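Below you'll find the structure, written out as structure tokens, and then a few comments.
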Amino acid sequence: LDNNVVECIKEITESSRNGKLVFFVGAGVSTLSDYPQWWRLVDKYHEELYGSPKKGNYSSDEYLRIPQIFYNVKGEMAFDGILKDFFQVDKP
Amino acid sequence: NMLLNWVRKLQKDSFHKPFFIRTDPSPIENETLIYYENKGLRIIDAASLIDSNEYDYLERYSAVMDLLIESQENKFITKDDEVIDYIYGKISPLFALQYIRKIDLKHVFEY
Amino acid sequence: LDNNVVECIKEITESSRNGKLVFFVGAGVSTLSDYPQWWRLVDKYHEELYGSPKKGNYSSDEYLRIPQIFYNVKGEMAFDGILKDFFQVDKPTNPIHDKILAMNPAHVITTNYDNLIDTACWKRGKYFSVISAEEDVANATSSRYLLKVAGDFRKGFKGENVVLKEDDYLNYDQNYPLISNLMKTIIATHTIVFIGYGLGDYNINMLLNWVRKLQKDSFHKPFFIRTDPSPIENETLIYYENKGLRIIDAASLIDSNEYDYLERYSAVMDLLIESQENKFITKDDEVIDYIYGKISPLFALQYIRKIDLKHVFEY
Amino acid sequence: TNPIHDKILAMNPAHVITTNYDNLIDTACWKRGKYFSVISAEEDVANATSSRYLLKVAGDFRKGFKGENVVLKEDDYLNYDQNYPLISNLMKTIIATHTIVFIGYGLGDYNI
Amino acid sequence: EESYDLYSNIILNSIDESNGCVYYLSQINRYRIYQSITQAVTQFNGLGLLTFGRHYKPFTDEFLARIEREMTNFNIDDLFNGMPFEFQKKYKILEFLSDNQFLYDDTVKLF
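Residue numbers (the entry's author numbering), protein chains in the order written: chain V, 22 to 113; chain U, 226 to 336; chain G, 22 to 336; chain D, 114 to 225; chain H, 449 to 559.
What follows is the structure, encoded as structure tokens:
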């Protein structure tokens, strides 16, 4: 409804009605379907790899490191075993 | 970030700028928007368009998307200044042909 | 004292006497000299950009993102002004700085943006050829090199002589090809000891990525000195062992508080310095082999002077 | 060993680099009595026996007269950085910090 | 202690002007005075009190701790080699000063 928004919004509808629009949908939509966010999985990995979650906040460095540590230390078998159980929950 | 780095280092202004749909509860800072705009990312902020509390993790995505879908070229038209150009935009190409059947004109006007 | 850590000490000390030791000193030692930390620098940048610093703690992404915004928003002019206001200052050398040079290093690589370590070269006596740009690589006054990833304003009062903004990291390989080419060349031929890092820095990780990506097994495994007050975790320790970083934790060897970093830094480094090969000899099992290893080459000689035998026993 | 080889070692270059798979340079070095830590494999850089390098930048036949160590095939040159990362990086380092006299080329070789 | 501290200032302030010799000589002199201090404290803390009878402590224990800090693992034979190459070929006359046994060629000729 504001300036520079209608300019952007008209170009998107222009492309959409041109049949050439492409949507880069992210992980935010999964939250709407209440899908488990991957950062929540990282905390679960910490509770298994470290035996207890850390009281400090998990940063972006903590997000990418923990699965790498979890995979090499506990092995591939333990890694994908969580995925087969935890993430196989169908949602609307 | 990775494709933005790909954009920055090996893409000129020729490529079309991707559009970002902001959905975080907090309002967007002015400085952050400028940098992303300089990189080539068009930000559409939900907090600026619609004011809601910090617990609207849901329906904030919808509020931008339905407005995006409901955007129609005829919706943007306000008065005759935006009337003649919209009409002339699609009929001017038809001027080359000598005669157009009036029954067939629904095609350009999307019925 | 621990068996896993002492075997690392033997390799570095033997290499130091061999002249093939290279110290990779980080920015942690600079805090010992009470130097403005990079955390406070990014806090200043956020304060100017937003009129007030954020109340919440800044995560890893905040450290690398905020300087990029300030460069693009406030321009290059304001970037250097804050850097000169915050970093252009003189500080005394911490005890680690001199004792880093105690083991004579063939080359020294530092991530510090300052001249704390160059003064250590001249004060100690060894003249390291300080290198901060491609011109410095071309002119090699001395074989021993001191590598500055960024370098000071000696290259002109400009902004390109630092790598702080996010884009600089992305084009670091192409913006500084020579110093990065010599960066890896030293590692392939010399033992590398990482001191002054939090085990989560970008530079140590990026280097670790290169050796883990495609290096087979020819390269030697560099050492890391974790000086964090908290003890290292076994699970974290195992991962870095596979990556090729023999972590030498400091809190494990000596238990201290969470503030006396200098006590932790000096104790482990002095442990490296004061411990010799004969120091680790415990019983007759480590007596005969140690003595034989140094005398065995002399068996070819028919007779050896008894007076100068002290040379082979390091006096 | 050709008489040219002997004339190279008069100015006793610090770290001679050669794109040769043979040991004619290596034997000629010992004929003059000058040692050289020859580095041809990716593991030679780590266990260098001295600072003066005889750089077989593409490998040699010291580990046998097989095509694995030597770089002659097209595929090896494509994977030159993939199979020999250290010795390729190290050779570049010598270029910047030394004065290089290219000798034994026709100005149109692909190696140069 | 003052001479050692003063000699630290000479080498520290000799960074510029490319003096070389003044820095090099002071560095050698710094080792010499440090060498004298090593047996100075050895002849006071050690040897008991035999020549004098009272324990004189000219240098503080803190001063002893620091001087060893920087002077640990110092070899004077490589000091000339540790000098810059420009100094090496320019002040080669002083090449024998680095050697601890420099009083050998002169004594051999006398002998």
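Note that CB positions come from ideal geometry on N, CA and C, so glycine has one too.
- Message: Let me see if you follow: with CB-CB separation under 7 angstroms, is H:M531 close to chain G or not?
- Response: Closer than 7 angstroms to the CB of H:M531 there is at least one CB belonging to chain G.
- Message: List, in chain order, every chain G residue whose beta-carbon is nearer than 7 angstroms to that of V:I90.
- Response: Per Cβ cutoff of 7 angstroms: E256, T257, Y260.
- Which of the three DSSP states, helix, strand or coil, is assigned to D:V184? When secondary structure is reduced to three states using DSSP, D:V184 falls in the coil class, being assigned neither helix nor strand.
- Applying a beta-carbon distance threshold of less than 9 angstroms, which residues of chain V neighbour U:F334? By Cβ distance, chain V contributes nothing, its closest Cβ being about 13 angstroms from U:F334, past 9 angstroms.
- Which whole-angstrom value describes the C-beta separation of U:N230 and G:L191, a residue pair presumed to lie in contact below a C-beta threshold of 8 angstroms? Rounded to whole angstroms, the Cβ separation of U:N230 and G:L191 is 5 angstroms, and the two are in contact under 8 angstroms.
- Cβ neighbour criterion (16 or more within 10 Å) applied to G:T248: So G:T248 ends up on the buried side.
- Query: Quick one, are the C-beta atoms of H:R480 and H:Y455 less than 7 angstroms apart?
  - Reply: Not closer than 7 angstroms, so no.
- Task: Measure from the C-beta of D:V129 to each C-beta in chain G and report whether the shortest distance is under 7 angstroms.
- Result: Interface flag for D:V129 against chain G is unset, since no Cβ pair is found closer than 7 angstroms.
- How long is the line joining the alpha carbons of H:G501 and H:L495, rounded to whole angstroms? Computed Cα separation, rounded: 10 angstroms.
- Item | CB contact flag (V:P57, V:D64, <7 angstroms) | Going by C-beta atoms, V:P57 is not nearer than 7 angstroms to V:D64.
- Item | Exposure label - G:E187; buried when at least 16 CB within 10 Å | Result: buried.
- Examine the Cβ distances between the segment 263–270 of chain G and the segment 324–336 of chain U and report whether three or more of them are shorter than 8 angstroms. Fewer than three beta-carbon pairs drawn from the segment 263–270 of chain G and the segment 324–336 of chain U are found closer than 8 angstroms, and the two stretches are therefore not classed as touching.
- Message: Any beta carbon from chain G within less than 7 angstroms of H:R480's own beta carbon?
- Response: It does not: the Cβ of H:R480 has no partner Cβ on chain G nearer than 7 angstroms.
- Would you call D:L137 buried or exposed, if buried means 16 or more other Cβ atoms sit within 10 Å of its Cβ? Exposed is the call here.
- Could you give the C-beta distance for G:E35 and V:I90, rounded to a whole number, given that I count them as a contact under 8 angstroms? Taking the Cβ atoms as the reference, G:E35 lies roughly 32 angstroms from V:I90, outside the contact range of under 8 angstroms.
- Message: Can you list, in chain order, the residues of its chain with a C-beta nearer than 6 angstroms to that of U:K242? Leave out the 5 residues immediately preceding and following it.
- Response: For U:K242, where only same-chain residues beyond five positions count, the Cβ hits under 6 angstroms are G265, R267.
- C-alpha gap between G:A161 and V:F100, whole angstroms: Each residue's Cα considered, the two are about 51 angstroms apart.
- Neighbour-count burial assignment, G:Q195, 16 or more Cβ in a 10 Å radius: Exposed.
- Item | chain G contacts made by the segment 144–163 of chain D, where a contact means CB separation under 7 angstroms | Answer set for the segment 144–163 of chain D: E155, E156, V158, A159, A161.
- Message: I need the boundaries of the alpha helix (DSSP H) containing G:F108, first residue and last residue.
- Response: Run containing G:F108: 96–108, per the alpha helix (DSSP H) assignment.
- Message: Please return the same chain residues whose Cβ sits closer than 6 angstroms to the Cβ of D:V183, not counting the five positions on each side in sequence.
- Response: So the qualifying residues of the chain are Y134, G172.
- Would you decide whether D:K169 is buried or exposed? Buried here means 16 or more other CB atoms lie within 10 Å of its CB. Buried, because 16 or more other Cβ atoms sit within 10 Å of the Cβ of D:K169.
- Query: When you compare only the Cα positions, how much space is there between U:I269 and G:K179?
  - Reply: Taking the straight line from one Cα to the other gives about 36 angstroms.
- For V:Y71, which residues in chain G fall below 8 angstroms Cβ to Cβ? Ordered by position in chain G, the residues that pass the 8 angstroms Cβ test against V:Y71 are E254, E256.
- 7 angstroms Cβ cutoff, H:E518 in contact with chain G: At least one chain G Cβ lies under 7 angstroms of H:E518.
- Quick one: what does DSSP say G:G217 is sitting in, helix, strand or coil? Note: G:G217 maps to strand in three-state DSSP.
- Message: Considering Cα atoms alone, identify which of D:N224, D:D139, D:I152 is closest to D:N115.
- Response: D:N115 has its Cα closest to that of D:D139, out of D:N224, D:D139, D:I152.
- Item | Contacts of V:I30 in chain U (Cβ-Cβ under 7 angstroms) | The CB of V:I30 comes closer than 7 angstroms to the CB of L293, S296 in chain U, given here in chain order.
- Is G:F149 near G:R175, with beta carbons less than 7 angstroms apart? By the CB criterion at 7 angstroms, G:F149 and G:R175 fall outside the cutoff.
- Message: Is G:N263 close to chain V? Criterion is C-beta to C-beta, closer than 7 angstroms.
- Response: Output row for G:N263: interface = yes.
- Span of the beta strand (DSSP E) holding G:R247? Here the beta strand (DSSP E) through G:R247 covers 244–247.
- Message: Nearest by alpha-carbon distance to G:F108: which of G:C29, G:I30, G:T212, G:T52 is it?
- Response: When each option's Cα is compared against that of G:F108, the closest is G:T52.
- Query: Just checking my contact of D:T132 with D:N224 at CB under 8 angstroms: how many whole Å lie between their CB atoms?
  - Reply: At roughly 5 angstroms, the Cβ-Cβ gap stays under 8 angstroms, so D:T132 and D:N224 are in contact.
- Item | Whole-angstrom C-beta distance between G:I213 and G:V43, which should lie under 8 angstroms | Contact annotation, G:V43 with G:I213: C-beta distance approximately 6 angstroms; criterion of less than 8 angstroms satisfied.
- D:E155 burial status per 10 Å Cβ neighbour count (16 or more: buried): Burial call: buried.
- Query: Based on Cα-Cα distance, which residue from G:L167, G:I294, G:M290 lies nearest to G:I200?
  - Reply: For G:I200, the nearest C-alpha among the options comes from G:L167.
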